[PDB]
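Working through the structure, step by step
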Amino acid sequence: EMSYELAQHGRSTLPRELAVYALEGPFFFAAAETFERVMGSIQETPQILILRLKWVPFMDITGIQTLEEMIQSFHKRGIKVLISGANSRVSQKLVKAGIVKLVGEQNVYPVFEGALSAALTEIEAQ
Amino acid sequence: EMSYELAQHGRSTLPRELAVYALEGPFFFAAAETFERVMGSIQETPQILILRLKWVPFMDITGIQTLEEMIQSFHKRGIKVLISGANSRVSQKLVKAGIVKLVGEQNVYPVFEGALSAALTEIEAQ
Amino acid sequence: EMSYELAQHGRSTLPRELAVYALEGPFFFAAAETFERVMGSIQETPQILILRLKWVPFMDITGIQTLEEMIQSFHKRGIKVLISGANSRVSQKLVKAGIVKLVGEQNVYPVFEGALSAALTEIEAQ
Amino acid sequence: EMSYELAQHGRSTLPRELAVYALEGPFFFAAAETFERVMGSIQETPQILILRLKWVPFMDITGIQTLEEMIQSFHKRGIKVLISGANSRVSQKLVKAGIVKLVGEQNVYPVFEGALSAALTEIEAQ
Amino acid sequence: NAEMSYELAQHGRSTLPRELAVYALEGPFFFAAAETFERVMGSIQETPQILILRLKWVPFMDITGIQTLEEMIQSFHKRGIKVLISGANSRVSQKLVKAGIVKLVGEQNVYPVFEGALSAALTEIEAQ
Amino acid sequence: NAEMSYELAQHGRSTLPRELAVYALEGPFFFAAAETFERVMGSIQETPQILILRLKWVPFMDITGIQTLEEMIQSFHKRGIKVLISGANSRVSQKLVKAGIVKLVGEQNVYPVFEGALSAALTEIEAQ
Amino acid sequence: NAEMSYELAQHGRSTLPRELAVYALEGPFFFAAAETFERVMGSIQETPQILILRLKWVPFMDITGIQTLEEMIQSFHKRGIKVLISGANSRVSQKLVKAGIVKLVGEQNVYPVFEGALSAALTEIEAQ
Amino acid sequence: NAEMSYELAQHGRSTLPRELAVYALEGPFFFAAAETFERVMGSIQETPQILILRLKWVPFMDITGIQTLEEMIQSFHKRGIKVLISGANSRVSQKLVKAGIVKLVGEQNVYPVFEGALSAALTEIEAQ
């Protein structure tokens, strides 16, 4: 939960440097497309984006290439991307596809709370 | 509830001058984009729009800049915008981001019924 | 139910001449926009379209002008449009807005089954 | 279930050659449009796509022509398309519309598990 | 229920008549619900002439659900309640036949669709 | 419940006062829920002065639900609890009148909308 | 349940055979449901040869759920019912082992996935 | 529950330890659920050392829910179970104080958020 981790860091709201986005379900294409557009369209971008993968039951090559394109459009704007919540099958697929390599193994988290904690800590050390 | 407040004002339907829109969830981007397009596209615009924020659990800088852009496109068409239902965290974020300043502190309401009552009253005083 | 009325007419499937579309919820804008595009884009169009309004809790001037535009794009392709399921408040708004006049009072039905029955009968008398 | 069939084939994840897409509900137009765009936009395409029709209660001529266009855009990229889960009414409509002819009668499956099994087997025989 | 709304209007009504009751089994594990409704039907002073049992939300039935349903219908029959069944899916439809449920209520009282059952019930009540 | 939130604030409160309780019948087969709440109301040491029964989620009522509701309200009245009804749809509203439920609670205690009932309850409690 | 549909067809059936029953624990607080099903199984005249307990919707288990589940399975075993378990998540799977539930039903009767359990049950019933 | 997953891992566990149980009141009309869980807790041979009652899904409480909750906690205390409360919303939080529930469980045992309660419970169990 966002509430608990924010409070452990003396916060009530998400800091400006941090954004969170959840992949809709297995067919996150429409929603991913729009968010990519928003990210490329807004004046100011966050330092860190957490992509929540909890609601993704599986991924085929269409999801993989979509997510790959999505992360690259974030990186090119200086956004560090963290991944959280992939089930055990999607976790395997992300390694297999080179997505873990793409974000960095140290940026993939089994659970959202781990990613949020690490994001808040990185932001504070600054 | 819309029914109760309409009836307190001797009404069964929303008056032509009043529109209501609810932000989808935390990722209201797609839906906000379409409504912005509709608002800019229709011949006649309402005098007052109430944006319901009840279903928004948090907002990052991407939501903030989206909502900011959205409200500005409404203002430029002469639409007065009211905000309702922000939870206690989103309420803080809206102040922090300058969105409360943008709509006017007197146009932000803890609960939908307060905003609807005040909208119906403003419309009637005319 | 579609099953019961189809069977009363000796049918198992919707006849080619008949289409059915349901307005998403109060903010049917995105979905209405896409269906308008589909209707204008496909080679063959149905003779009769039933628009189901059951899931529409209220309508403001933005919904009204959207729905108005939508119905006009259908009429210009020779599509007869029926409306069904409007609650008692939306029913009033549709009269008020001139939408009942636009489709014809005889084409508005309190309940989906009435509209479907009348559509199947009109199609058969041919 | 995907888990059981994958395991019967000695697998934990969907093979790269196989994609799965589910038609949203009766008004799958928006989502079908986006996926068509994705399929035509990505560098690498799967060998086999399974379209799940379980959540489609009925289809009119608008859905039919949409789905027809969708499948043709897949075929032109060398994608073999399987259909699964059509209820007994939609099953009839698909024959009636020439969609079963279009994908091949041997590529239509009453239930998702049948389609997935047959897809995994075809992929392995290679 | 708009299906109910339409059939009522066809028969000149806006409300369910006193003689008719409608009950839905929800999900395959309707046991707790069946039990309470059986209790109410035995407990209330005034019983309906016809009960419609909607089975649309029952995806399968094993022997436990079958005996539960049998017992439930038996309780209604002993109070003089005529029971109609509607909306069994294709496989539950076959189970109902094989297990003697259709026999118990009568072939003429089993309806593929709720609206057929409600239409037939409203017609029977008017003729009485 | 933001409807509750707004009415409480109008009356200077943030919480429901001790004298007021709210209960919702959920779905047309509220029997099991009715039964347990009847039990609690008989079992607890301290009863509220006013109970609001929200009927918004009740799409129709047959004779079984009516007698269930009658019995439930009778149990509350014998403990001195004043019962308000709110949110009956258009057809349930007519049933309530025809079956003697409105008679049982009083015409002045039936409210088309929850917020009217809650407003009236908060006002009555303040005057006491 | 299409998973059920597919396995039935593989075995030449369209309906669940009389010898097989399926029950799902829904959510971590399955106690009230467990209780009623235990009651039905003790109450019905004819019991199935095999029961599958689906645990897919059970996200965690504490000692209260464990003893509830133990007791439930014990009631089924005394009526001669062979119990299969399917779909425990990764952590509930470890709990089941640690608490003696797997011991109670047998290792060979615990299935990662419902379809494996149903396949195995249909095969065992055919061999009998 | 990923919140549970994360806290367990922080403490080196994958499963809830035997000493800890978690129960959630779902919706404002938790009476039937409260009743059954009270029954189970009295019925099982082995009780947990700590129970967390999650109140996140409870939007308001009237006097009936309060006395129901009081009674429930009293039953747990007499079996030696330490009770923690978590997730009361802002108004339920004030009700709990005003009605003597916080007094009943102890101020130090009431947690704004489930994760704080679970962290504190896992720490207390380790120290024992």
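Residues numbered from 1 in each chain as written, not as in the entry; some residues may be left out. Chains lettered and ligands numbered in written order. Heavy atoms only, no water. Residues with missing side-chain atoms left out of burial classes, pairs and counts.

1. Quick look at the overall build of chain E
- When helices and strands are counted, chain E shows six helices and four strands.
- When the helices and strands of chain E are read in sequence order from the N terminus, they spell out α-β-α-β-α-β-α-α-β-α.
- The globule rule puts the C-alpha radius of gyration for 128 residues at 14 Å, and the 14 Å found for chain E is close to it.
- In terms of its C-alpha atoms, chain E occupies a principal-axis envelope of roughly 40 × 35 × 25 Å.
- Relative to all contacts within chain E whose residues are 6 or more apart in sequence, the contacts with residues 24 or more apart total 84%. (Helix = DSSP H or I, 4+ residues; strand = E, 2+ residues; numbered from the N terminus. Rg over C-alpha atoms; globule rule 2.2 N^0.38 Å. Contact = heavy atoms within 4.5 Å.)

2. Considerations on the overall build of chain A
- When helices and strands are tallied, chain A shows six helices and four strands.
- Walking chain A from its N terminus toward its C terminus, one meets helices and strands in the order α-β-α-β-α-β-α-α-β-α.
- The C-alpha radius of gyration of chain A comes to 14 Å, within 12% of the 14 Å expected for a compact globule of 126 residues.
- In terms of principal-axis extent, the alpha carbons of chain A reach across some 40 × 35 × 25 Å.
- Counting contacts in chain A only where the partners sit at least 6 residues apart, residues at least 24 apart contribute 84% of the total.

3. Examining the relation of the copies chain B and chain A
- Superposition record for chain B on chain A: RMSD 0.0 Å, screw rotation 90°, translation along axis 0.0 Å. Taken together, the rotation angle and the small translation identify this as a four-fold axis. Residue B:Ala30 of chain B places its C-alpha closer to the rotation axis than any other residue of that unit, at 6.1 Å. (Least-squares fit on C-alpha atoms.)

4. Some thoughts on the UniProt feature "domain: STAS" (unreviewed entry) in chain E
- The feature "domain: STAS" (unreviewed entry), as annotated in UniProt, sits at residues 10-121 of chain E in this numbering.
- Secondary structure content for residues 10-121 of chain E is 46% helix and 20% strand, and the end C-alpha separation is 13 Å. (UniProt positions renumbered as here; feature names shortened; annotations may be inferred.)

5. Points about the interface of chain B and chain A
- Facing 15 residues of chain B, the contacting portion of chain A comprises 22 residues.
- Contributing elements (two or more residues each) for the side of chain B that touches chain A: α2 (29-41), α3 (61-75) and α4 (88-96) of chain B.
- For the side of chain B that touches chain A, the residue count by class is six nonpolar, four polar and five charged. (Nonpolar A, V, L, I, M, F, W, Y, C, P; charged D, E, K, R; others polar.)

6. Concerning the packing of aromatic side chains
- The tally for this structure, following the rule as stated, stands at 48 aromatic pairs over all chains.
- Arranged with centres 5.8 Å apart and planes meeting at 75°, the rings of C:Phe35 and C:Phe74 form a pair that is edge-to-face. Here C:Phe35 is found in helix α2 (residues 29-41), whereas its partner C:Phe74 is found in helix α3 (residues 61-75), with 39 residues between them in sequence.
- Of the residues examined, C:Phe35 reaches a relative accessible area of 0% and is grouped as buried.
- Aromatic pair G:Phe29 and G:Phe60: ring centres 6.3 Å apart, planes at 75°, arrangement edge-to-face. Here G:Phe60 lies in the loop between β2 (50-57) and α3 (63-78) and G:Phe29 lies in the loop between β1 (20-26) and α2 (31-43), a separation of 31 residues in the sequence. (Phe/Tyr/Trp six-rings, centres within 6.5 Å; stacked < 30°, edge-to-face > 60°. Buried < 20%, exposed > 50% of the residue type's maximum accessible area, 1.4 Å probe, protein only.)

7. Description of the environment of E:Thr64
- Looking at the secondary structure, you find E:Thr64 in helix α3 (residues 63-78).
- Since its relative accessible area comes to 0%, E:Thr64 is described here as buried.
- Measuring from C-alpha to C-alpha, the distance between E:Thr64 and E:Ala99 comes to 11 Å, with 35 residues separating the pair along the chain.
- In this view, E:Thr64 contacts E:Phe31, G:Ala21, G:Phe37, G:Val40, G:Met41, G:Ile44 and G:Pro48; residues no more than four positions away in its chain are not counted.

8. Considering the UniProt feature "domain: STAS" (unreviewed entry) in chain A
- What UniProt calls "domain: STAS" (unreviewed entry) maps, in this numbering, to residues 8-119 of chain A.
- Between the end C-alpha atoms of residues 8-119 of chain A there is a gap of 13 Å, over a span that is 46% helix and 15% strand.

9. Some remarks on the sheet that holds strand β4 (residues 108-109) of chain B
All names here are of chain B.
- With parallel pairing, the four strands of this open sheet are ordered in space as β1-β2-β3-β4. Each having just a single partner strand, β1 (18-22) and β4 make up the two edges of the open sheet.
- One ladder, built from five bridges, connects β1 with strand β2 (residues 48-52); its direction is parallel. Across the sheet, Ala19 pairs through a bridge with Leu49, a residue of β2. (Pairing = 2+ DSSP bridges.)

10. Some words on the sheet that holds strand β4 (residues 108-109) of chain A
Residue and element names in this part refer to chain A.
- Strand order across the open sheet formed by four strands is β1-β2-β3-β4, with parallel pairing between neighbours. Every other strand in the sheet has two partners, leaving β1 (18-22) and β4 as the edge strands with one partner each.
- Across two bridges, the pairing between strand β3 (residues 80-84) and β4 is parallel. Within β4, the position partnered with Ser84 by the bridge is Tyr109.

11. Thoughts on the nonpolar core
- One finds F:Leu20, F:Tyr23, F:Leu51, F:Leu53, F:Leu69, F:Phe76 and F:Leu96 to be the most contacted residues of the largest nonpolar core, which totals 46 residues.
- Residues within four places of F:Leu53 in sequence aside, it is in contact with F:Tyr23, F:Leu69, F:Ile73, F:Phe76, F:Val83, F:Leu84, F:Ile85 and F:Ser86. (Core = buried A, V, L, I, M, F, W, Y, C linked by side-chain atoms within 4.5 Å.)

12. Some points on the environment of D:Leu102
- Structurally, D:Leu102 is set in helix α5 (residues 99-103).
- Among all residues touching D:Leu102, those that are not within four sequence positions of it are D:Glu68, D:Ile71, D:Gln72 and D:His75.

13. Considerations on helix α2 (residues 29-41) of chain A
- The end-to-end C-alpha distance of α2(A) is 18 Å, a good match for the 18 Å that 13 residues give at a rise of 1.5 Å each.
- Taken as a whole, α2(A) has its buried residues at A:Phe29, A:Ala32, A:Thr34, A:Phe35, A:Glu36, A:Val38 and A:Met39. (Expected span 1.5 Å × (residues − 1).)

14. A closer look at the arrangement of the chains
- Nowhere do chain B and chain E come into contact; their C-alpha atoms are at least 21 Å apart.
- Nothing in chain D touches chain E; the tightest C-alpha to C-alpha distance between them is still 10 Å.

15. Thoughts on the interface of chain A and chain D
- Facing 15 residues of chain A, the contacting portion of chain D comprises 22 residues.
- Secondary structure elements with two or more residues in the side of chain A that touches chain D: α2, α3 (61-75) and α4 (88-96) of chain A.
- In terms of residue class, the side of chain A that touches chain D is built from six nonpolar, four polar and five charged.

16. Structural notes on the packing of helix α2 (residues 31-43) of chain E against α2(G)
- It is at 9 Å that the axes of α2(E) and α2(G) come closest, and there the two elements cross at 75°. With respect to each other, α2(E) and α2(G) are oriented roughly perpendicular. Contact with α2(E), carried on its side by E:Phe31, E:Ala32 and E:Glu35, involves G:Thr36, G:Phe37, G:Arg39 and G:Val40 of α2(G) and no other residues of that element. (Axes fitted to C-alpha atoms, helices over the stretch in contact; angles between N-to-C directions. Parallel < 35°, antiparallel > 145°, perpendicular 65-115°, else oblique.)

17. A short note on the side chain of F:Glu115
- Residue placement: F:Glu115 occurs in helix α6 (residues 114-127).
- Lacking a salt bridge, the buried F:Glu115 has F:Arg54 as its closest oppositely charged neighbour, with an N-O distance of 8.5 Å.
- Ignoring anything within four residues of it in the chain, the contact list for F:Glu115 reads B:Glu1, B:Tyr4, B:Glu113, F:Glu3, F:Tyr6 and F:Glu7. (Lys, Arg positive; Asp, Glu negative; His and termini not counted. Salt bridge = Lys/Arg side-chain N within 4 Å of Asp/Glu carboxyl O.)

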